[PDB]
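Trainee: What follows is a single structure, and I will ask about it in a moment.
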Amino acid sequence: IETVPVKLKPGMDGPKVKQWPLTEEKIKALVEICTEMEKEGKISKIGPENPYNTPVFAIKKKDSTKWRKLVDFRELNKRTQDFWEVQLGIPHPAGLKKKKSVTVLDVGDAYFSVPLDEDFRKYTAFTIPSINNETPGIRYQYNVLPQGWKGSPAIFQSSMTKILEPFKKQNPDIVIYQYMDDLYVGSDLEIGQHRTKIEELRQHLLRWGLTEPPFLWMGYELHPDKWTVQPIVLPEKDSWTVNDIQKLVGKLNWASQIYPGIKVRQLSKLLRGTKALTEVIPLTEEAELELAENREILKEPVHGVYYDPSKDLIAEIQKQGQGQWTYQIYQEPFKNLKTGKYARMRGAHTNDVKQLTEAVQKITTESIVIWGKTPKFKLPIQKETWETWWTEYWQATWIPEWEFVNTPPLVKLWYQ
Amino acid sequence: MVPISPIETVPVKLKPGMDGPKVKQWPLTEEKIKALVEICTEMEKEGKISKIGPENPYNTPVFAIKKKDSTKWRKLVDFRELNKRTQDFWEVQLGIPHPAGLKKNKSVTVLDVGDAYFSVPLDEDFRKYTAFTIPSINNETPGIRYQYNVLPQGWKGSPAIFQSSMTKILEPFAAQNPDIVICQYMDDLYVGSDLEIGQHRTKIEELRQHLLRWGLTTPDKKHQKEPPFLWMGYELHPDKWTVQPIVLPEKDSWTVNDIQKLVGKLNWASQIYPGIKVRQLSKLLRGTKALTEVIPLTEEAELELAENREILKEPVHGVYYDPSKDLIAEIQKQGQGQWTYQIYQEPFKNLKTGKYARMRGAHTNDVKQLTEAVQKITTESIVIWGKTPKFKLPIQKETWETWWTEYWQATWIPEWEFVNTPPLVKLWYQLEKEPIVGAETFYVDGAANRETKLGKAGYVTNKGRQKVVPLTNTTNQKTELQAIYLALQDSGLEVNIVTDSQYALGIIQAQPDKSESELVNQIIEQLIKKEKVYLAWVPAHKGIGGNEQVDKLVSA
Ligand SMILES: Cc1cc(/C=C/C#N)cc(C)c1Nc1nc(Nc2ccc3scnc3c2)c2nc[nH]c2n1
């Protein structure tokens, strides 16, 4: 019933972000949604004495037909102070990424039962725009904890460790993690009474909430245990052409920036001479051997590869063609903490951007599980194409950071 | 008394930590002082201002201006200082509507609200900051002191707070009358509907009624206005709209400022006048920042301008949005990285039009530009109609397919169809995916001496063909390109080229079809002529024979 004190970081003013164009359907949805929210005290209309703004839009969640409101608290979140006035941090559950089944729940709706500090409210201002700026924009602000705000899981955390006390103690093998509006629930059992343990975990948020929820019935089904990392592999051929060997050497020269003992002397030595690209070169013993030693090296791990929560996670993505994408997460160049590949992107076979968008979401979900933070992406797409379309495909309640890549990497090959 | 609802007041604060204004009142001639005392007396009677004590220590200067060809003076208070110290507001005017997005209105009425404006009170605790002093005759007396009770003309928050207060009042009327549209412009309200004009003046009378509830009268002795309506630079009519008349001046002397005002009008007009070109006119603007500089017009600039005047020789109109029918956008290539578009619903009845300029780069291609254009149009259409128009585009379905399927970046355009109106956009060349069998293999390389600027470029092949050419005033990057150019120049219709240049690869993997480096253009020109070209990269200085052979050959 009583609010938690909140302020911004010193020297920083509140967010003033432009609202970007919305389609008619997303406007209608948002208006209806906000009409009910205001009618329940979750938000209230505000005046011109409020210079602040945060963008807003609408999405349809995964396998659902209901519009969800999604605020883009990315700016407010940077400018919202960090949260250490009871806890000093949640020592990320390193066991979550080792479960047969981790399910992801939308518990965001629980947030709206807790009020927001009256002095902080002005900072959550948002505008539902109008088509053509005809009518003026409807301006609301938040009276409660908002879905998507960094503060909501932190403030509500006091109350959440509660609701879980039963089920937790009555199921000590389950790992439970919370990141924004998402609750990540990792069992070790069988998918069917997964859909029992998950089923009975829903209860409490009903059970507690009585003293209907919109997307509480939803469940995302992960498997960090069948999560496929990647090694680097060289081809195994009976016949090598000069091209085959030139590419091989190219790749190896590149792995050497990562792995130490990589040698290309003997292999280049076959490429001594001005030969035709398609000509077959037989391998010398000296070369077959050097290739084999290099293979042994690529099998082992990288050396001195550590995560450092003090730092940024960076995600690169390359488009490989035919629905396949490859990606790498790292903090230091050539020190991959994870690599991966994605090979048949759902309902998007003719749409590059839909694929890329779903890709960014999968990689983010994975990054939340492994490190409890999102990465900053390096997308292979012009800023303007991406900025135009990603909202149409976005199905997650959070949003990562991203920058753009306008120069074609050679690296694309080496990961194909 | 007919009780009237108060206009709710908006709490206004000064900027954080800052204080109000304390500015020296300017000395005034006796004439101006007498003038001001009258003006303020009447205003005080109207409740707009109130006399304050000598406590209030804030001051904004006040002035007197004699309206030209009127013996009358007018009062001018200089809030510039107080504006600097008043907070930020959520301003609404940021987006002006675009005519093409409106729906036709049979009847459109115009109401005056220069009197409603002063029905908007200024927040109680902020009034003190609006203090000013009319000096006394001979400074022989304390200057009279006044403070504001209403939003002052020329204050930071007046428009934001005035606009919002009106909307707040109008909201229930607008919402229970969904067959009416209302707009705010200067001291005036404009209301249209699409009803027979009897049913319409009814609803105006209903509105005049509703406004009275807040004690607002909107003069029924209304305005001489008739179509068209001059508004934000346009010409609004009941059924159509165009830009407020565009007239291109004749000159025998064009200056940086002259041409500047000429593109502005051309840009502004390019939103309804189809096929309008800029470029060679904004080319003459490149860099030169002297507003008076008499730049000479190229023979491209004169022909482009004479293509303009011909398009502006007669007026054209845009229609209004008919939500029931589809929205179509059509694009055309104009050369020099110029694109031009029309958005329409039925053939030849444009709603608006426009042009897109290629992005400042060093290498580019038609497919990329079309895409960027498509996206610009897409966002524009979301802003104006709330939907994406269907595209008609001068690019074969097959071309686009090959492009996006092989491009290294992700890319997309919304629903679209091919429109066969030249010049069609095409892919000019396509690199092989595998090496070519029977095609000669050219190992190339280039190097320059960073100080002398001398370097060499050349190749060697499986067939014993060789070349090394020497070069002055060149760089490593130029010599690596030049080398590739030699190989293309001296080979047959099919060729395999091996280079160690990451730089060069990076340029050709971007698949440009035009460049600012004439050297890249020559290469493109060569590529276009070939039947098959496989470009292969190998790392330098790793003694890959072939490569090493020509590296030792060009670092001599
Ligand atoms: C009613 C209105 C009047 C004006 C006129 C400004 C002046 N002077 C400008 C605007 C932007 C509007 N707003 C408006 N206008 C619409 N149509 C319209 C159609 C024809 C004319 S002629 C003069 N004004 C108009 C207005 C409209 N259709 C759906 N929503 C709409 N909103």
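Ordered as shown in the structure tokens, chains take letters A, B, and onward, while each chain numbers its residues from 1 and ligands are numbered from 1 in the order shown.
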For residue 470 in chain B, list every protein, DNA or RNA residue within 7 Å, evaluated using only C-alpha atoms, and leave out those in the same chain fewer than 2 positions away; present the list as a PDB file with N, CA, C and O atoms, in the first residue's frame.
Mentor:
ATOM      1  N   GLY B 455      53.973   3.418 -56.710  1.00  0.00           N
ATOM      2  CA  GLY B 455      53.704   2.027 -56.447  1.00  0.00           C
ATOM      3  C   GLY B 455      53.402   1.360 -57.760  1.00  0.00           C
ATOM      4  O   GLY B 455      53.356   2.018 -58.798  1.00  0.00           O
ATOM      5  N   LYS B 456      53.190   0.054 -57.716  1.00  0.00           N
ATOM      6  CA  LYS B 456      52.939  -0.713 -58.924  1.00  0.00           C
ATOM      7  C   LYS B 456      51.701  -1.572 -58.729  1.00  0.00           C
ATOM      8  O   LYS B 456      51.312  -1.886 -57.600  1.00  0.00           O
ATOM      9  N   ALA B 457      51.104  -1.978 -59.833  1.00  0.00           N
ATOM     10  CA  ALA B 457      49.943  -2.827 -59.787  1.00  0.00           C
ATOM     11  C   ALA B 457      50.133  -3.819 -60.908  1.00  0.00           C
ATOM     12  O   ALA B 457      50.628  -3.448 -61.964  1.00  0.00           O
ATOM     13  N   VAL B 468      52.999  -5.902 -64.935  1.00  0.00           N
ATOM     14  CA  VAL B 468      53.221  -4.982 -63.833  1.00  0.00           C
ATOM     15  C   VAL B 468      53.272  -3.614 -64.483  1.00  0.00           C
ATOM     16  O   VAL B 468      54.014  -3.418 -65.437  1.00  0.00           O
TER      17      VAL B 468
END
Trainee: Would you please give, as a ChimeraX atom specification, all residues of range 31-279 of chain A that DSSP assigns to alpha helix (DSSP H) based on the backbone?
Mentor: /A:31-38,74-79,151-169,191-209,242-255,265-268
Trainee: Using only C-alpha atoms and all ligand atoms, which of the listed residues (A:283, A:135, A:203, A:23) sits closest to ligand 1?
Mentor: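 Under the stated criterion, the closest residue is A:135.
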Trainee: List the neighbours of residue 280 in chain A out to 10 Å using only C-alpha atoms; skip same-chain residues closer than 2 positions along the sequence, and give me the result as a PyMOL selection string.
Mentor: chain A and resi 239-245+275-278+282-283
Trainee: Give as a list in words the residues surrounding ligand 1 up to a distance of 7 Å, considering only C-alpha atoms and all ligand atoms.
Mentor: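 The residues within 7 Å of ligand 1, counting only C-alpha atoms and all ligand atoms, are residues 134 of chain A; 97, 99, 102, 103, 104, 105, 108, 181, 182, 183, 185, 190, 191, 192, 229, 230, 231, 236, 237, 238 and 239 of chain B.
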Trainee: Keeping only C-alpha atoms, write the selected residues as a compact mmCIF listing (two decimals), in the first residue's frame.
Mentor:
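This is the output file part-v5.txt:
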# COMPACT_ATOMS: atom_id res chain seq x y z
CA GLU A 134 -5.09 15.33 -36.50
CA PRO B 97 -1.44 17.43 -40.28
CA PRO B 99 -3.68 17.67 -46.34
CA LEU B 102 -7.74 14.50 -44.50
CA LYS B 103 -11.21 13.39 -45.53
CA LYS B 104 -13.44 15.60 -47.71
CA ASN B 105 -15.67 17.95 -45.72
CA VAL B 108 -16.49 23.61 -42.90
CA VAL B 181 -13.74 17.48 -37.08
CA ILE B 182 -12.10 20.32 -35.13
CA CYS B 183 -8.79 22.12 -35.65
CA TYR B 185 -4.98 27.56 -35.81
CA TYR B 190 -12.28 25.32 -37.64
CA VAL B 191 -15.05 22.76 -37.59
CA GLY B 192 -16.18 20.68 -40.52
CA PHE B 229 -8.03 28.36 -46.97
CA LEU B 230 -4.42 29.50 -46.61
CA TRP B 231 -3.00 27.27 -43.89
CA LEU B 236 -7.34 23.83 -48.61
CA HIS B 237 -10.64 23.48 -50.52
CA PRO B 238 -13.77 21.42 -49.62
CA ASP B 239 -12.65 18.63 -52.02
Trainee: Can you list, as a list in words, every protein, DNA or RNA residue that comes within 9 Å of residue 406 in chain B when you count only C-alpha atoms, leaving out same-chain residues fewer than 4 positions away?
Mentor: residues 321 of chain A; 401 and 402 of chain B
Trainee: Leaving out range 369-374 of chain B and any residue of its chain fewer than 5 positions from it, which residues lie within 9 Å of it when counting only C-alpha atoms, given as a PyMOL selection string?
Mentor: (chain A and resi 384-385) or (chain B and resi 329+331-333+337-341+355-359+364+379+391+393+411-414+425)
Trainee: Considering only strand (DSSP E) as DSSP defines it on the backbone, what residues of range 15-107 of chain B qualify? List them as a PyMOL selection string.
Mentor: chain B and resi 49-51+62-66+73-77+107
Trainee: Could you please tell me, as a count of residues only, which residues of chain A have an atom within 7 Å of chain B when using only C-alpha atoms?
Mentor: 35
Trainee: Mind checking which residues fall within 12 Å of range 23-40 of chain B, counting only C-alpha atoms, ignoring those fewer than 4 positions away in the same chain, and posting them as a PyMOL selection string?
Mentor: chain B and resi 44-51+57-66+71-82+129-139+143-148
Trainee: Give me the residues near residue 363 in chain A as a compact mmCIF listing (two decimals) with N, CA, C and O atoms, in the first residue's frame, where near means some atom within 9 Å (using only C-alpha atoms) and where sequence neighbours in that chain fewer than 5 positions away do not count.
Mentor:
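around18.txt written:
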# COMPACT_ATOMS: atom_id res chain seq x y z
N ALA A 315 26.67 -8.98 -29.22
CA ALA A 315 26.17 -10.04 -30.11
C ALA A 315 26.30 -9.66 -31.58
O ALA A 315 25.78 -8.64 -32.00
N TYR A 327 25.70 -16.53 -35.21
CA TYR A 327 25.87 -15.47 -34.23
C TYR A 327 26.92 -15.82 -33.20
O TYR A 327 27.23 -16.99 -32.99
N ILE A 329 28.40 -14.35 -29.17
CA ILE A 329 28.36 -13.44 -28.03
C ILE A 329 29.75 -13.32 -27.39
O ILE A 329 30.41 -14.32 -27.16
N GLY A 340 26.51 -19.67 -32.11
CA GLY A 340 25.33 -20.44 -32.46
C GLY A 340 24.88 -20.24 -33.89
O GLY A 340 25.39 -19.38 -34.61
N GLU A 358 13.25 -12.34 -35.17
CA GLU A 358 13.10 -13.51 -34.32
C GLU A 358 14.45 -14.00 -33.80
O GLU A 358 14.58 -14.46 -32.66
N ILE A 368 19.66 -13.87 -21.48
CA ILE A 368 19.06 -13.64 -20.18
C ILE A 368 19.27 -14.88 -19.30
O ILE A 368 19.72 -14.76 -18.16
N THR A 374 21.02 -8.60 -21.10
CA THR A 374 20.87 -8.61 -22.56
C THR A 374 22.13 -8.11 -23.27
O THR A 374 22.88 -7.30 -22.73
N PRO A 375 22.37 -8.59 -24.50
CA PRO A 375 23.55 -8.11 -25.21
C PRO A 375 23.26 -6.89 -26.07
O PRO A 375 22.09 -6.57 -26.30
